[PDB]
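Trainee: Using only what follows, build the 3D model:
(chains A, B and C, ligands or ions: 1)
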Amino acid sequence: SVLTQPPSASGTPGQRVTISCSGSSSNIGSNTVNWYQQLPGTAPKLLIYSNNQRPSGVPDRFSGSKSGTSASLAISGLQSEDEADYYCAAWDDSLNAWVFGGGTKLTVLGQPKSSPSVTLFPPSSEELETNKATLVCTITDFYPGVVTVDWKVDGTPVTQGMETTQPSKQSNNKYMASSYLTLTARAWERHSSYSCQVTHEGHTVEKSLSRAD
Amino acid sequence: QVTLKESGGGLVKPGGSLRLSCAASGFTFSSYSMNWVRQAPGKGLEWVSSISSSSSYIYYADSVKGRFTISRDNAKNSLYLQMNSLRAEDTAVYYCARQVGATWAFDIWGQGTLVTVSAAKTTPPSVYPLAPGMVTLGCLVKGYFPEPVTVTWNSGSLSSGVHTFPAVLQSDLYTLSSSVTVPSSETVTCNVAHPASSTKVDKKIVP
Amino acid sequence: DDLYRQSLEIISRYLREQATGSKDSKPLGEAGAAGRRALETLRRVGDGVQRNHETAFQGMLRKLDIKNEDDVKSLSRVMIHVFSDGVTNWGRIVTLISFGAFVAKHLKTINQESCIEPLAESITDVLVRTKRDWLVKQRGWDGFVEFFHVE
Ligand SMILES: CN1CCCN[C@@H](Cc2ccc(S(C)(=O)=O)cc2)CC(=O)N[C@H]2CCc3ccccc3N(CC(=O)N[C@H](Cc3ccc(Cl)c(Cl)c3)CC1=O)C2=O
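Mentor: Numbering: from 1, shown residues only, chains lettered A, B, ... in the order given. Coordinates below:
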């Protein structure tokens, strides 16, 4: 990236937050720096323009700064719904082209922790008809946004076929995730007990199923 | 109401061509510079091309430079981008963005259109149920390509407490799961749709 | 000169419709579509500037006593002072074009509609030759239209 941003900045709630955007004479040195917010799912939406001018609907707690050939964004008054990638952009007179920064994934890490709501799902009869089987583990409402997901079968741990999605933030601010243990129909029939462990900030939640429902 | 709506993106082979198509609404499209911004899933935004109000000033990013052509039709309120000889590395969500003439700020954006450059064929999803063995039901959308799919519970009516998870890529096939936590003891149907296969499945979950 | 051709034709039309008080309906050849929206955004902005700075323009007019074509061509000496200071912006530009338009009106009252041609040529020279890389950077007349567009 030509404009250079930190990959990940953070702060606890209430604090000042600063995301810098290191420019160049021909980009930030000549033209303005424009900031865009990208929440979890959304498209970017203009956050700050002409260095420090906020549009309609961007609060007084977002400030902008241009310091020669660099640019701070200040999120003065942190909130758990500023989990977003912040992108600066400047027109570059040398390139005759727009250039965005790498992106800075802001995060808040002072909220009260919540343990994961784990939920294990036995394979679909319809999928068993296709000689395949997937145990699904929905992992919802954890914070902070990190979980390791393990799988046992009959006491013996899994190494093959298991997958886990990356954590996605919820409307609640707490994140969610999903693990998928994939077995054959032969495998599903030849093993009885299937555990599924989610370890979250030192504390393992676990829900199993025995095929005999 | 001021909206940008991108169409055209989908599955193209490495080498193929694709025309992304943006529609501008509720403003005077004939008086703004337009912009294509692309974003590789997971990675940061990259600017790709700009075009002034009456197509006289055209600008491209180095990567797309040569292979992509930007154009607009101020009669049809439409911006275009002819993506030619696409390589795997062009798999991105291509947003469209309006430009404030007074600040060059990209103020209005669009929702974005996923482009997926691959050899893999368009496999439709296989919607299976996720019921237990106060009750979190769900559905497992298995073995589709490309992204995206949409899942809505009870035809869009049930939307609170629907956790629709990020998809995983086992082999060259996507797998997504959604799930809703519903009161126990009336039906609960899940409405998957894969517009790359013209697929539309409703599927009833019964414990 | 691609920009001078685009500019001169967009400037001339605005000058000549101000001196007329009636718009020219024939199509633009050189500036194409980019001139149509420019003159429709020159008519709007330059009428605002001409009312804001009637006093100023009238004052510069009575000082710079204009009678003949050589008075019109020697306006180049004072007209550059809209940039002799460092600042370049579209406000300075529509003020340049709005004053030339105000002079084209004056030229009509003294029956000098011949001298609107070398006024338009005088204005485009001061503007294109001196501030080209600013103009090209700021998307030319495409930018002119975009910058002053209001909605
Ligand atoms: C020796 N200097 C001094 C040159 C260096 N300093 C200038 C810098 C400056 C230039 C233009 C603008 S503007 C209104 O275009 O944003 C702002 C600031 C100071 C200045 O001109 N202030 C103006 C303020 C009032 C005014 C308003 C409209 C028109 C003329 C005005 N007049 C009257 C005037 O006679 N302006 C001559 C220059 C000028 C101006 C504007 C035009 Cl359109 C033409 Cl043709 C000429 C003076 C001259 O030649 C002023 O005095």
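Trainee: is the residue sitting nearest the centre point of chain A in a bridge, and if so with what?
Mentor: Closest to where the C-alpha atoms of chain A average out (C-alpha atoms, centre = their mean) is residue A:168, at 5.0 Å. Assessed by DSSP bridges, residue A:168 has beta-bridge partners residue A:176.
Trainee: so it touches residue A:175, yeah?
Mentor: Yes: between residue A:168 and residue A:175 there is a contact at 6.3 Å, judged by C-beta atoms under 8 Å. To be clear about C-beta, it is placed using only N, CA and C from the backbone, and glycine gets the same treatment.
Trainee: who touches the residue nearest to the centre of chain A in this structure?
Mentor: By C-beta atoms under 8 Å, 6 or more residues apart in numbering or on different chains, the contact set of residue A:168 is A:40, A:175-177, B:165-166.
Trainee: Can you tell me which of these are buried?
Mentor: A:175-177, B:165-166 (16 or more other C-beta atoms under 10 Å in any protein chain shown).
Trainee: nearest to chain C, of those?
Mentor: Comparing the buried ones among the contacts of residue A:168 against chain C with C-beta to the nearest C-beta picks out residue B:166 as the nearest, at 38.4 Å.
Trainee: Would you double-check that residue C:41 falls in a helix?
Mentor: Yes: counting by DSSP: H, G, I helix; E, B strand; the rest coil, residue C:41 falls inside a helix.
Trainee: Give me the distance between it and residue C:94.
Mentor: Per C-beta to C-beta, to the nearest Å, residue C:41 is found 9 Å from residue C:94.
Trainee: Now for these two: what residues contact both?
Mentor: residue C:148.
Trainee: ok, for the residue in chain C positioned nearest to chain B, nearest residue in space, not its chain neighbours?
Mentor: Residue nearest to chain B within chain C: residue C:146 (3.0 Å; C-beta to the nearest C-beta). Excluding the flanking residues, the one nearest residue C:146 by C-beta to C-beta, 6 or more residues apart in numbering or on different chains is residue B:101, at 3.0 Å.
Trainee: Now do the contacts for the one you found.
Mentor: B:31-33, C:143, C:145-149.
Trainee: Outline the domain layout of chain A.
Mentor: A:1-111, A:112-213 (curated CATH domains).
Trainee: Determine which stretch of the ones you listed is the most buried.
Mentor: domain A:1-111 (a mean of 19; mean count of other C-beta atoms under 10 Å in any protein chain shown).
Trainee: ok, and does that one reach over to chain B?
Mentor: Yes: counting by C-beta under 8 Å from any C-beta of the partner chain, chain B has neighbours in domain A:1-111: A:1, A:31-32, A:34, A:36, A:38, A:43-46, A:49-50, A:53, A:55, A:85, A:87, A:89, A:91, A:95-103.
Trainee: So what's the residue count around residue B:195?
Mentor: Using other C-beta atoms under 10 Å in any protein chain shown, residue B:195 has 11 neighbouring residues.
Trainee: and the residue of chain C closest to chain B, how many neighbours?
Mentor: 25.
Trainee: Near the ligand, which residues of chain C are found?
Mentor: C:53, C:56, C:60, C:78-79, C:81-82, C:84-85, C:91-92, C:95-96, C:99 (C-beta under 6 Å from any ligand atom).
Trainee: Any of these buried? List them.
Mentor: The buried subset of these - by 16+ other C-beta under 10 Å - is C:53, C:60, C:79, C:82, C:95-96, C:99.
Trainee: Determine which two of those residues are furthest apart.
Mentor: C:53 and C:79 (14.4 Å; C-beta to C-beta).
Trainee: any chance you could map the helices in chain C?
Mentor: C:2-20, C:33-52, C:54-63, C:69-73, C:76-79, C:90-109, C:117-128, C:132-137, C:140-148 (DSSP state H).
Trainee: For the one residue in chain C that gets nearest to chain A, give its distance to residue A:42.
Mentor: Residue nearest to chain A within chain C (C-beta to the nearest C-beta): residue C:137, separated by 6.5 Å. Taking C-beta to C-beta as the measure, residue C:137 falls 32 Å from residue A:42.
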